[PDB]
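Text of the file protein13.pdb, holding PDB, C-alpha atoms and all ligand atoms:
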```
ATOM      1  CA  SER Y   1     210.691 158.282 -87.455
ATOM      2  CA  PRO Y   2     213.410 155.686 -88.071
ATOM      3  CA  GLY Y   3     211.387 152.579 -87.256
ATOM      4  CA  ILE Y   4     208.166 153.050 -89.258
ATOM      5  CA  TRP Y   5     207.446 150.672 -92.166
ATOM      6  CA  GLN Y   6     204.556 149.798 -94.501
ATOM      7  CA  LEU Y   7     203.862 146.189 -95.442
ATOM      8  CA  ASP Y   8     201.513 145.790 -98.461
ATOM      9  CA  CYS Y   9     201.224 143.416-101.502
ATOM     10  CA  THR Y  10     201.034 144.227-105.272
ATOM     11  CA  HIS Y  11     200.263 141.421-107.822
ATOM     12  CA  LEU Y  12     202.115 140.876-111.175
ATOM     13  CA  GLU Y  13     202.498 137.989-113.708
ATOM     14  CA  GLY Y  14     199.891 136.178-111.560
ATOM     15  CA  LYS Y  15     202.435 136.367-108.680
ATOM     16  CA  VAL Y  16     202.111 138.124-105.222
ATOM     17  CA  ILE Y  17     205.369 140.151-104.655
ATOM     18  CA  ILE Y  18     205.387 141.367-100.974
ATOM     19  CA  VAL Y  19     206.721 144.978-100.571
ATOM     20  CA  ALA Y  20     207.958 146.640 -97.313
ATOM     21  CA  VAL Y  21     208.818 150.391 -97.500
ATOM     22  CA  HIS Y  22     210.894 152.349 -94.920
ATOM     23  CA  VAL Y  23     208.676 155.497 -95.022
ATOM     24  CA  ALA Y  24     211.456 157.925 -93.923
ATOM     25  CA  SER Y  25     214.103 156.810 -96.506
ATOM     26  CA  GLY Y  26     211.769 155.231 -99.123
ATOM     27  CA  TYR Y  27     214.141 152.229 -99.047
ATOM     28  CA  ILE Y  28     212.193 149.130-100.258
ATOM     29  CA  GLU Y  29     212.481 145.372 -99.518
ATOM     30  CA  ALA Y  30     210.510 143.117-101.940
ATOM     31  CA  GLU Y  31     210.288 139.384-102.799
ATOM     32  CA  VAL Y  32     207.965 137.130-104.892
ATOM     33  CA  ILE Y  33     205.936 134.993-102.374
ATOM     34  CA  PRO Y  34     203.999 131.757-103.136
ATOM     35  CA  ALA Y  35     200.653 133.368-102.086
ATOM     36  CA  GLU Y  36     199.345 136.132 -99.737
ATOM     37  CA  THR Y  37     199.171 133.647 -96.781
ATOM     38  CA  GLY Y  38     199.928 134.574 -93.123
ATOM     39  CA  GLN Y  39     203.084 132.471 -92.557
ATOM     40  CA  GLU Y  40     204.751 133.856 -95.748
ATOM     41  CA  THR Y  41     203.889 137.460 -94.706
ATOM     42  CA  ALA Y  42     205.182 136.706 -91.166
ATOM     43  CA  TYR Y  43     208.479 135.130 -92.401
ATOM     44  CA  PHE Y  44     209.057 138.299 -94.483
ATOM     45  CA  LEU Y  45     208.285 140.503 -91.432
ATOM     46  CA  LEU Y  46     210.459 138.359 -89.087
ATOM     47  CA  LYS Y  47     213.446 138.731 -91.472
ATOM     48  CA  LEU Y  48     213.027 142.504 -92.156
ATOM     49  CA  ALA Y  49     213.049 143.094 -88.361
ATOM     50  CA  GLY Y  50     216.030 140.721 -87.900
ATOM     51  CA  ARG Y  51     218.014 142.993 -90.290
ATOM     52  CA  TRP Y  52     216.616 146.532 -89.591
ATOM     53  CA  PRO Y  53     215.218 148.192 -86.405
ATOM     54  CA  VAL Y  54     211.446 147.586 -87.053
ATOM     55  CA  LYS Y  55     209.173 149.093 -84.316
ATOM     56  CA  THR Y  56     205.881 149.856 -86.215
ATOM     57  CA  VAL Y  57     204.473 148.303 -89.474
ATOM     58  CA  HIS Y  58     201.473 149.905 -91.302
ATOM     59  CA  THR Y  59     199.471 146.996 -92.870
ATOM     60  CA  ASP Y  60     196.200 146.863 -94.946
ATOM     61  CA  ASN Y  61     193.672 144.920 -92.715
ATOM     62  CA  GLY Y  62     193.694 141.906 -95.092
ATOM     63  CA  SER Y  63     193.454 138.258 -93.914
ATOM     64  CA  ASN Y  64     197.257 137.724 -94.213
ATOM     65  CA  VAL Y  65     197.974 140.864 -92.119
ATOM     66  CA  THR Y  66     195.496 139.794 -89.353
ATOM     67  CA  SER Y  67     196.950 136.218 -89.422
ATOM     68  CA  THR Y  68     197.776 134.639 -85.996
ATOM     69  CA  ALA Y  69     201.359 134.118 -87.282
ATOM     70  CA  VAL Y  70     201.821 137.841 -88.162
ATOM     71  CA  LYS Y  71     200.540 138.697 -84.638
ATOM     72  CA  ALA Y  72     202.961 136.201 -83.011
ATOM     73  CA  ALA Y  73     205.790 137.635 -85.169
ATOM     74  CA  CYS Y  74     204.908 141.263 -84.283
ATOM     75  CA  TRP Y  75     204.823 140.194 -80.586
ATOM     76  CA  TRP Y  76     208.079 138.158 -80.584
ATOM     77  CA  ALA Y  77     209.961 140.992 -82.388
ATOM     78  CA  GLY Y  78     208.212 143.885 -80.576
ATOM     79  CA  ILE Y  79     206.662 145.266 -83.803
ATOM     80  CA  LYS Y  80     203.503 147.445 -83.380
ATOM     81  CA  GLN Y  81     200.983 146.438 -86.096
ATOM     82  CA  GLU Y  82     198.816 149.407 -87.247
ATOM     83  CA  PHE Y  83     196.075 148.754 -89.888
ATOM     84  CA  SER Y  84     196.249 152.487 -90.882
ATOM     85  CA  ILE Y  85     196.979 152.531 -94.673
ATOM     86  CA  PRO Y  86     193.327 151.547 -95.501
ATOM     87  CA  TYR Y  87     191.971 154.605 -93.561
ATOM     88  CA  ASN Y  88     194.748 157.189 -94.272
ATOM     89  CA  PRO Y  89     194.853 158.582 -97.883
ATOM     90  CA  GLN Y  90     198.216 160.349 -97.211
ATOM     91  CA  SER Y  91     199.788 156.914 -96.380
ATOM     92  CA  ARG Y  92     197.784 155.228 -99.196
ATOM     93  CA  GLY Y  93     199.545 157.328-101.873
ATOM     94  CA  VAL Y  94     202.978 156.290-100.502
ATOM     95  CA  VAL Y  95     202.358 152.515-100.848
ATOM     96  CA  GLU Y  96     200.687 153.245-104.237
ATOM     97  CA  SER Y  97     203.605 155.304-105.692
ATOM     98  CA  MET Y  98     206.357 152.889-104.529
ATOM     99  CA  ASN Y  99     204.455 149.829-105.860
ATOM    100  CA  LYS Y 100     203.945 151.371-109.350
ATOM    101  CA  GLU Y 101     207.553 152.681-109.667
ATOM    102  CA  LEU Y 102     208.881 149.283-108.441
ATOM    103  CA  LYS Y 103     206.525 147.727-111.045
ATOM    104  CA  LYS Y 104     208.062 150.042-113.712
ATOM    105  CA  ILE Y 105     211.661 148.989-112.820
ATOM    106  CA  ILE Y 106     210.627 145.272-112.623
ATOM    107  CA  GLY Y 107     209.524 145.543-116.284
ATOM    108  CA  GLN Y 108     212.637 147.478-117.421
ATOM    109  CA  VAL Y 109     214.779 144.425-116.363
ATOM    110  CA  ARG Y 110     212.198 141.591-116.809
ATOM    111  CA  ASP Y 111     213.745 140.523-120.183
ATOM    112  CA  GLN Y 112     217.210 140.456-118.498
ATOM    113  CA  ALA Y 113     216.011 137.499-116.325
ATOM    114  CA  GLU Y 114     213.801 134.439-117.100
ATOM    115  CA  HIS Y 115     212.177 134.314-113.603
ATOM    116  CA  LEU Y 116     210.199 137.148-111.893
ATOM    117  CA  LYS Y 117     211.908 136.349-108.546
ATOM    118  CA  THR Y 118     215.344 137.468-109.880
ATOM    119  CA  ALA Y 119     213.779 140.395-111.814
ATOM    120  CA  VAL Y 120     212.339 141.929-108.582
ATOM    121  CA  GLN Y 121     215.680 141.653-106.685
ATOM    122  CA  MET Y 122     217.360 143.379-109.684
ATOM    123  CA  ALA Y 123     214.592 146.031-109.526
ATOM    124  CA  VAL Y 124     215.074 146.419-105.717
ATOM    125  CA  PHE Y 125     218.835 146.933-106.249
ATOM    126  CA  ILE Y 126     218.141 149.624-108.858
ATOM    127  CA  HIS Y 127     215.674 151.411-106.660
ATOM    128  CA  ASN Y 128     217.688 151.368-103.461
ATOM    129  CA  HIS Y 129     221.144 152.187-104.792
ATOM    130  CA  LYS Y 130     219.992 154.752-107.364
ATOM    131  CA  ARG Y 131     219.111 158.435-106.875
ATOM    132  CA  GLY Y 132     221.069 164.074-102.753
ATOM    133  CA  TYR Y 133     221.670 160.350-101.966
ATOM    134  CA  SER Y 134     220.009 156.978-102.719
ATOM    135  CA  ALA Y 135     217.396 155.220-100.590
ATOM    136  CA  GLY Y 136     219.912 152.786 -99.050
ATOM    137  CA  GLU Y 137     222.008 155.784 -98.086
ATOM    138  CA  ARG Y 138     219.097 157.666 -96.467
ATOM    139  CA  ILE Y 139     218.059 154.797 -94.154
ATOM    140  CA  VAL Y 140     221.585 154.236 -92.744
ATOM    141  CA  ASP Y 141     221.785 158.016 -92.129
ATOM    142  CA  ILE Y 142     218.356 158.101 -90.539
ATOM    143  CA  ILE Y 143     219.195 155.204 -88.239
ATOM    144  CA  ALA Y 144     222.755 156.224 -87.325
ATOM    145  CA  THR Y 145     221.596 159.781 -86.637
ATOM    146  CA  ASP Y 146     218.929 158.505 -84.221
ATOM    147  CA  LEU Y 147     221.651 156.408 -82.476
ATOM    148  CA  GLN Y 148     223.038 159.586 -80.856
TER     149      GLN Y 148
ATOM    150  CA  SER G   1     235.872 148.326 -94.602
ATOM    151  CA  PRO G   2     232.239 149.445 -95.221
ATOM    152  CA  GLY G   3     231.588 147.072 -98.140
ATOM    153  CA  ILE G   4     233.481 143.888 -97.262
ATOM    154  CA  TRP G   5     231.506 140.683 -96.653
ATOM    155  CA  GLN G   6     232.266 136.938 -96.482
ATOM    156  CA  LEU G   7     230.048 134.244 -97.983
ATOM    157  CA  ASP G   8     230.054 130.655 -96.838
ATOM    158  CA  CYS G   9     227.378 127.980 -96.422
ATOM    159  CA  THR G  10     226.698 125.588 -93.527
ATOM    160  CA  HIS G  11     224.513 122.482 -93.101
ATOM    161  CA  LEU G  12     222.269 121.630 -90.169
ATOM    162  CA  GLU G  13     219.513 119.106 -89.760
ATOM    163  CA  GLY G  14     220.397 118.137 -93.309
ATOM    164  CA  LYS G  15     219.413 121.555 -94.686
ATOM    165  CA  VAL G  16     221.615 124.232 -96.197
ATOM    166  CA  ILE G  17     222.035 127.605 -94.556
ATOM    167  CA  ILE G  18     223.735 130.348 -96.546
ATOM    168  CA  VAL G  19     225.586 132.929 -94.382
ATOM    169  CA  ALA G  20     227.027 136.415 -95.120
ATOM    170  CA  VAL G  21     229.097 138.274 -92.561
ATOM    171  CA  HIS G  22     229.943 141.956 -92.735
ATOM    172  CA  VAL G  23     233.553 141.655 -91.493
ATOM    173  CA  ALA G  24     234.036 144.948 -89.659
ATOM    174  CA  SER G  25     230.754 144.813 -87.747
ATOM    175  CA  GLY G  26     229.945 141.094 -87.378
ATOM    176  CA  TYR G  27     226.422 141.665 -88.828
ATOM    177  CA  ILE G  28     224.931 138.461 -90.218
ATOM    178  CA  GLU G  29     222.612 137.406 -92.986
ATOM    179  CA  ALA G  30     221.472 133.771 -93.154
ATOM    180  CA  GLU G  31     218.676 131.792 -94.754
ATOM    181  CA  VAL G  32     217.864 128.144 -95.266
ATOM    182  CA  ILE G  33     218.440 127.491 -98.966
ATOM    183  CA  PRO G  34     217.429 124.468-101.066
ATOM    184  CA  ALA G  35     220.971 123.395-102.084
ATOM    185  CA  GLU G  36     224.509 124.727-102.746
ATOM    186  CA  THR G  37     223.974 125.366-106.431
ATOM    187  CA  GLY G  38     225.878 128.609-107.118
ATOM    188  CA  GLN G  39     222.776 129.792-108.909
ATOM    189  CA  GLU G  40     221.260 130.149-105.421
ATOM    190  CA  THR G  41     224.459 131.743-104.135
ATOM    191  CA  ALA G  42     224.087 134.252-106.953
ATOM    192  CA  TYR G  43     220.449 135.045-106.036
ATOM    193  CA  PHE G  44     221.361 135.396-102.307
ATOM    194  CA  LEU G  45     224.130 137.857-103.167
ATOM    195  CA  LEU G  46     221.902 139.856-105.573
ATOM    196  CA  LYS G  47     219.297 141.013-103.033
ATOM    197  CA  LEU G  48     222.075 141.454-100.438
ATOM    198  CA  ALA G  49     223.617 143.987-102.824
ATOM    199  CA  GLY G  50     220.172 145.530-103.257
ATOM    200  CA  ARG G  51     219.940 146.520 -99.550
ATOM    201  CA  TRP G  52     223.555 146.932 -98.339
ATOM    202  CA  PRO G  53     226.649 148.472-100.011
ATOM    203  CA  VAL G  54     228.447 145.319-101.121
ATOM    204  CA  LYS G  55     231.807 146.125-102.680
ATOM    205  CA  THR G  56     233.806 142.919-102.226
ATOM    206  CA  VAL G  57     232.894 139.364-101.233
ATOM    207  CA  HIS G  58     235.542 136.958 -99.879
ATOM    208  CA  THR G  59     234.563 133.382-100.537
ATOM    209  CA  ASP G  60     236.232 129.951-100.640
ATOM    210  CA  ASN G  61     236.971 127.640-103.610
ATOM    211  CA  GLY G  62     233.654 125.709-103.628
ATOM    212  CA  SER G  63     231.845 125.006-106.868
ATOM    213  CA  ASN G  64     228.804 127.140-105.935
ATOM    214  CA  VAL G  65     230.748 130.352-105.185
ATOM    215  CA  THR G  66     232.846 129.929-108.385
ATOM    216  CA  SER G  67     229.909 129.291-110.711
ATOM    217  CA  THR G  68     229.634 131.476-113.790
ATOM    218  CA  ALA G  69     226.198 132.288-112.355
ATOM    219  CA  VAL G  70     227.954 133.985-109.452
ATOM    220  CA  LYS G  71     230.403 135.791-111.745
ATOM    221  CA  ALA G  72     227.560 137.233-113.821
ATOM    222  CA  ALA G  73     225.947 138.214-110.565
ATOM    223  CA  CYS G  74     228.916 140.119-109.174
ATOM    224  CA  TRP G  75     229.372 141.700-112.637
ATOM    225  CA  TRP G  76     225.821 143.071-112.869
ATOM    226  CA  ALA G  77     226.061 144.354-109.294
ATOM    227  CA  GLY G  78     229.693 145.527-109.063
ATOM    228  CA  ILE G  79     230.911 143.009-106.536
ATOM    229  CA  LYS G  80     234.595 142.033-106.441
ATOM    230  CA  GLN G  81     235.083 138.374-105.492
ATOM    231  CA  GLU G  82     237.929 136.822-103.427
ATOM    232  CA  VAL G  83     234.315 132.305 -90.995
ATOM    233  CA  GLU G  84     233.483 129.023 -89.316
ATOM    234  CA  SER G  85     233.450 130.742 -85.917
ATOM    235  CA  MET G  86     230.553 132.967 -86.867
ATOM    236  CA  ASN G  87     228.999 129.832 -88.369
ATOM    237  CA  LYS G  88     229.103 127.999 -84.999
ATOM    238  CA  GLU G  89     227.860 131.021 -82.977
ATOM    239  CA  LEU G  90     224.658 130.806 -85.055
ATOM    240  CA  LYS G  91     224.471 127.014 -84.667
ATOM    241  CA  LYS G  92     224.505 127.709 -80.926
ATOM    242  CA  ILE G  93     221.815 130.398 -80.919
ATOM    243  CA  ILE G  94     219.708 128.247 -83.292
ATOM    244  CA  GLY G  95     220.016 125.341 -80.855
ATOM    245  CA  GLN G  96     218.653 127.687 -78.151
ATOM    246  CA  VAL G  97     215.565 128.601 -80.292
ATOM    247  CA  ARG G  98     215.015 125.489 -82.524
ATOM    248  CA  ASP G  99     212.867 123.885 -79.761
ATOM    249  CA  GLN G 100     210.755 127.110 -79.744
ATOM    250  CA  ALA G 101     210.288 127.219 -83.575
ATOM    251  CA  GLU G 102     208.262 124.854 -85.816
ATOM    252  CA  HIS G 103     210.808 125.011 -88.709
ATOM    253  CA  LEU G 104     214.631 125.474 -88.895
ATOM    254  CA  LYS G 105     213.825 128.267 -91.405
ATOM    255  CA  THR G 106     212.089 130.499 -88.796
ATOM    256  CA  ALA G 107     214.666 129.353 -86.178
ATOM    257  CA  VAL G 108     217.485 130.862 -88.352
ATOM    258  CA  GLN G 109     215.601 134.164 -88.939
ATOM    259  CA  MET G 110     215.010 134.169 -85.140
ATOM    260  CA  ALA G 111     218.677 133.413 -84.242
ATOM    261  CA  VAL G 112     219.655 136.046 -86.768
ATOM    262  CA  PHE G 113     217.323 138.586 -85.119
ATOM    263  CA  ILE G 114     218.962 137.885 -81.766
ATOM    264  CA  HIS G 115     222.535 138.164 -83.042
ATOM    265  CA  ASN G 116     222.234 141.431 -84.931
ATOM    266  CA  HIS G 117     219.974 143.102 -82.393
ATOM    267  CA  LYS G 118     219.739 141.442 -78.939
ATOM    268  CA  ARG G 119     223.523 140.743 -78.640
ATOM    269  CA  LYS G 120     224.969 143.998 -77.232
ATOM    270  CA  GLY G 121     227.309 142.480 -74.592
ATOM    271  CA  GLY G 122     230.636 143.718 -75.983
ATOM    272  CA  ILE G 123     232.955 146.681 -76.270
ATOM    273  CA  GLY G 124     230.984 149.851 -76.958
ATOM    274  CA  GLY G 125     227.523 148.450 -76.180
ATOM    275  CA  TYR G 126     226.370 148.578 -79.824
ATOM    276  CA  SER G 127     224.732 145.627 -81.577
ATOM    277  CA  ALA G 128     226.132 144.187 -84.802
ATOM    278  CA  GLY G 129     223.265 145.935 -86.615
ATOM    279  CA  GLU G 130     224.164 149.206 -84.903
ATOM    280  CA  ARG G 131     227.831 148.768 -85.902
ATOM    281  CA  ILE G 132     227.258 148.197 -89.620
ATOM    282  CA  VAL G 133     225.124 151.353 -89.634
ATOM    283  CA  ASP G 134     227.891 153.137 -87.791
ATOM    284  CA  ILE G 135     230.537 151.838 -90.211
ATOM    285  CA  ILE G 136     228.614 152.534 -93.447
ATOM    286  CA  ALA G 137     227.242 155.864 -92.240
ATOM    287  CA  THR G 138     230.746 157.080 -91.314
ATOM    288  CA  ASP G 139     232.153 156.207 -94.772
ATOM    289  CA  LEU G 140     229.721 158.868 -96.080
TER     290      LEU G 140
HETATM  291  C1  LIG K   1     200.986 132.123 -81.942
HETATM  292  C2  LIG K   1     202.009 131.106 -82.482
HETATM  293  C3  LIG K   1     202.865 130.566 -81.313
HETATM  294  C4  LIG K   1     201.244 129.930 -83.118
HETATM  295  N1  LIG K   1     202.198 128.946 -83.710
HETATM  296  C5  LIG K   1     203.460 129.365 -84.381
HETATM  297  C6  LIG K   1     203.133 129.921 -85.776
HETATM  298  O1  LIG K   1     202.125 130.876 -85.685
HETATM  299  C7  LIG K   1     204.375 130.580 -86.354
HETATM  300  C8  LIG K   1     204.099 130.850 -87.834
HETATM  301  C9  LIG K   1     205.234 131.721 -88.419
HETATM  302  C10 LIG K   1     205.916 131.273 -89.536
HETATM  303  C11 LIG K   1     206.930 132.043 -90.073
HETATM  304  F1  LIG K   1     207.597 131.594 -91.174
HETATM  305  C12 LIG K   1     207.265 133.258 -89.497
HETATM  306  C13 LIG K   1     206.580 133.703 -88.378
HETATM  307  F2  LIG K   1     206.912 134.899 -87.812
HETATM  308  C14 LIG K   1     205.562 132.935 -87.837
HETATM  309  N2  LIG K   1     205.521 129.693 -86.239
HETATM  310  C15 LIG K   1     206.552 129.941 -85.217
HETATM  311  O2  LIG K   1     207.342 129.094 -84.976
HETATM  312  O3  LIG K   1     206.595 131.200 -84.533
HETATM  313  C16 LIG K   1     207.290 131.184 -83.285
HETATM  314  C17 LIG K   1     208.764 131.650 -83.489
HETATM  315  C18 LIG K   1     208.958 132.114 -84.813
HETATM  316  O4  LIG K   1     207.765 133.529 -85.049
HETATM  317  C19 LIG K   1     207.164 134.071 -83.543
HETATM  318  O5  LIG K   1     205.765 133.907 -83.527
HETATM  319  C20 LIG K   1     205.455 132.673 -82.717
HETATM  320  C21 LIG K   1     206.747 132.117 -82.345
HETATM  321  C22 LIG K   1     207.649 133.297 -82.415
HETATM  322  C23 LIG K   1     208.965 132.756 -82.668
HETATM  323  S1  LIG K   1     201.924 127.240 -83.485
HETATM  324  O6  LIG K   1     201.825 126.544 -84.766
HETATM  325  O7  LIG K   1     200.612 126.965 -82.906
HETATM  326  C24 LIG K   1     203.278 126.553 -82.463
HETATM  327  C25 LIG K   1     204.432 126.178 -83.186
HETATM  328  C26 LIG K   1     205.533 125.644 -82.508
HETATM  329  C27 LIG K   1     205.478 125.491 -81.126
HETATM  330  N3  LIG K   1     206.539 124.928 -80.102
HETATM  331  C28 LIG K   1     205.976 124.993 -78.805
HETATM  332  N4  LIG K   1     206.915 124.484 -77.807
HETATM  333  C29 LIG K   1     206.411 123.887 -76.570
HETATM  334  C30 LIG K   1     206.445 122.357 -76.533
HETATM  335  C31 LIG K   1     205.110 123.088 -76.699
HETATM  336  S2  LIG K   1     204.557 125.582 -78.921
HETATM  337  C32 LIG K   1     204.312 125.873 -80.403
HETATM  338  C33 LIG K   1     203.218 126.402 -81.074
END
```

Would you mind writing the structure in this file as structure tokens?
Amino acid sequence: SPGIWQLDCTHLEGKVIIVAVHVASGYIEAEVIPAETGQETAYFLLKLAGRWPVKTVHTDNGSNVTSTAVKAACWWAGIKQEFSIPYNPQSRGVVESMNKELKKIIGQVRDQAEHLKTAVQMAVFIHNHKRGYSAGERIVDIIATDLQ
Amino acid sequence: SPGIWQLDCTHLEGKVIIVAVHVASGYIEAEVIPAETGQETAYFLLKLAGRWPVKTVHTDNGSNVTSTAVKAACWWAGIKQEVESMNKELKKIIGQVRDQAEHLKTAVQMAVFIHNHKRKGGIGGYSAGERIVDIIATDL
């Protein structure tokens, strides 16, 4: 489906790095966050939905994901929270693979930037616009096709 | 065109709000930023290129958009460098939601959500977010 996403967090350099993955296209949206708090996770979710059609988000059952803010955000935007990744191994592998590959790219360009923040955005660019087609191409196709 | 955008920055409540408008579709991207440094403009553009196909970016002559930081940015990404109305439409929607939000920040991600998605009252019935997908998808 075109509106299914997976919000998880992978740590690096003693930093948090939030990671949202369009499951259908594999397109990724990532950003270094101060800490795995609820408001930070919610801001990220509010923005992703304000840019893409977000209808369901598969979270991990953590404290940040069950935060009152994340609930308010999922309600105000119409996002259906589903703590499924912790109990579905088929969905677990997806978040696992994307996080490690994103981690690989983040290292390949880490020396090209002093801060991790910039390094991850450079890594996101690489992942989405590189490859059939690239991830950023698949998601626009997925969405526009559904728009029939 | 499918890759043409326009970067400018606006101030509200004494805070900076960077803004990027896909010209064909009217799709918006905004964020409260710390200050108009040009190093920030470069960061904002970098992730923007990471998610959307950014081919050219039409800016003004300000010091932030002309920084060498920005030039290195467009060079690593492939961007070719070169609006107030859209800026005031957001100021309006943000005024409608600011009283409902605790921080301008969230109020701008909320007013953005509305514009790109819950603003379908125009020719064709699509939202700005539906249009950019239409535009980019067609190019393919
Ligand atoms: C259940 C919540 C309502 C609890 N609170 C809000 C916080 O949870 C979120 C945290 C957050 C930060 C992010 F960075 C991103 C997020 F997604 C969320 N802040 C927020 O503004 O969220 C808002 C809007 C933005 O996200 C959606 O979720 C909630 C709504 C909704 C749109 S609150 O502190 O108790 C509170 C704050 C102001 C306010 N004004 C009032 N006005 C009347 C005169 C009384 S009542 C009232 C209560």

### Message
Counting only C-alpha atoms, which residue out of Y:45, Y:57, Y:18, Y:94 sits closest to chain G?
### Response
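That would be Y:45, the residue with the smallest distance to chain G.
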
### Task
Could you report the residues within 9 Å of ligand LIG 1 (chain K), using only C-alpha atoms and all ligand atoms, as number ranges by chain?
Y: 38-47, 67-77; G: 97-103, 105-107, 109-110

### Task
Up to 6 Å from chain G, what residues of chain Y turn up? Count only C-alpha atoms and give them as a ChimeraX atom specification.
/Y:47,50,121,124-125,140-141,144

### Task
Name the residues that the PyMOL selection byres (((chain Y and resi 107) around 12) and not hetatm) pulls out of this structure, and write them as an MDAnalysis selection string.
chainID Y and resid 12:13 100:106 108:116 118:120 122:124

### Task
Taking the file above as input, evaluate the PyMOL selection byres (((chain Y and resi 25) around 6) and not hetatm) and report the hits as a count of residues only.
8

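Taking atom CA of residue Y:54 and atom CA of residue Y:3 as endpoints, the distance between them is 5.0 Å.
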
Residues near residue Y:34, anyone? I mean within 9 Å using only C-alpha atoms, not counting same-chain ones fewer than 5 positions away, as a PDB file with C-alpha atoms, in the frame of the given file.
```
ATOM      1  CA  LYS Y  15     202.435 136.367-108.680  1.00  0.00           C
ATOM      2  CA  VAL Y  16     202.111 138.124-105.222  1.00  0.00           C
ATOM      3  CA  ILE Y  17     205.369 140.151-104.655  1.00  0.00           C
ATOM      4  CA  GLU Y  40     204.751 133.856 -95.748  1.00  0.00           C
TER       5      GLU Y  40
END
```

### Message
Can you tell me which residues surround residue G:85 at a distance of at most 12 Å, considering only C-alpha atoms, apart from same-chain residues fewer than 2 positions away, and format the answer as number ranges by chain?
### Response
G: 8, 10, 19, 21, 26, 83, 87-92
